[PDB]
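Worksheet: one structure, shown below.
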Amino acid sequence: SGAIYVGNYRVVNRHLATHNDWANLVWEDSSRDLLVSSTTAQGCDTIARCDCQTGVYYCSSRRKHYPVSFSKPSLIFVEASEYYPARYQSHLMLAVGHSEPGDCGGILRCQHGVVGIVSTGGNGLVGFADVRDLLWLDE
Ligand SMILES: CSc1ccccc1CC(=O)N1C[C@H](C)C[C@H](C(N)=O)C1
Ligand SMILES: [Zn+2]
């Protein structure tokens, strides 16, 4: 689990969004596994606006933060699940590191702020759904 709170927004993994997130739906993209919803309160996370390929992510299954090098946002094939059929997920960044399904929502940060959230994982890999292009989150 895990969310990004920026201004009057809440960014979560689309596969994990609640009835509330869908009742206050601002934007959603199944190809990105992202969903943004309105909040009454003000969020204080800073979204990074950069092209950093290194950072730090939170890994809930280990109760630890890990430093990672990660790939550029791209279309990567992701196998079927209870949430999605077999497909390419866009805006996805891969890194060598530990992850488990329950790790989704874990924030990835660089020195410039919030980069994205854990969304996929593999054999000694971890995927992060990028949020740095969603310029409208700040305004
Ligand atoms: C951190 S996810 C993970 C990690 C290790 C092993 C397996 C997984 C599970 C995984 O990659 N998928 C199921 C997930 C609930 C939705 C993902 C997607 N965005 O389409 C695909
Ligand atoms: Zn950065």
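In each ligand, atom 1 is the first atom listed, and ligand 1 is the first ligand listed. Numbering starts at 1 and runs along the sequence shown.
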Does ligand 1 come near enough to [X] that some N or O of the ligand is less than 3.5 Å from an N or O of the residue?
X	answer
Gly121	yes
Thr120	no
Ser119	yes

Under 4.0 Å from a heavy atom of [X]: which atoms of ligand 1 are those, numbered in the order shown and with their elements?
X	result
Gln89	18 (C), 19 (N), 20 (O)
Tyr84	20 (O)
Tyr83	15 (C)
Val118	1 (C)
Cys104	1 (C), 2 (S)

Any carboxylate oxygen within less than 4.0 angstrom of a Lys/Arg side-chain nitrogen, looking at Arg49 and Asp138?
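Between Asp138 and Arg49 there is a salt bridge, with a charged N closer than 4.0 Å to a carboxylate O.
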Under-4.0 Å salt bridge between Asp133 and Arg32
yes
Evaluate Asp21 against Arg10 for salt bridge (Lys or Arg N to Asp or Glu O under 4.0 Å), listing each step before the verdict.
CA-CA 8 Å; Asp21 296 317; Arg10 183 169 119 112; 2.9 Å; yes
Just to check, does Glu79 reach to within less than 4.0 Å of ligand 1 when the distance is taken from its heavy atoms?
no
I need the contact type for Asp103 against ligand 1. Using non-hydrogen atoms and a strict under-4.0 Å cut-off, is it side chain, backbone, both or neither?
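Contact part for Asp103 vs ligand 1: neither.
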Contact region, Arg87 to ligand 1, non-hydrogen atoms below 4.0 Å, reads side chain
Please list the nearest protein heavy atom to atom 9 (C) of ligand 1 with its residue and the distance rounded to 0.1 Å.
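Answer, as residue, atom name and distance: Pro101 CG, 3.8 Å.
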Which atom of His112 is nearest the Zn ion (ligand 2), counting N, O or S only? It is ND1
Without swapping roles, check the side chain of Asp45 against the backbone of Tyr5 for a donor-acceptor pair under 3.5 Å.
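Pair found, side chain donor or acceptor close to backbone of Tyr5.
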Is the shortest distance from atom 20 (O) of ligand 1 to a protein heavy atom below 4.0 Å?
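Neighbour list for atom 20 (O) of ligand 1 includes protein heavy atoms (cut-off 4.0 Å).
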Specify whether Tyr83 and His15 have parallel, tilted or perpendicular ring planes, treating 30° as the upper limit for parallel and 60° as the lower limit for perpendicular.
tilted
Would a single hydrophobic cluster contain both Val115 and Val126, if residues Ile, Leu, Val, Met, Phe, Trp and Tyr are joined by side-chain heavy-atom contacts under 4.5 Å?
yes
Would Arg62 count as a cation-pi partner of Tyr66, with NZ or CZ less than 6.0 Å from the six-membered ring centre and within 45° of the ring normal?
no
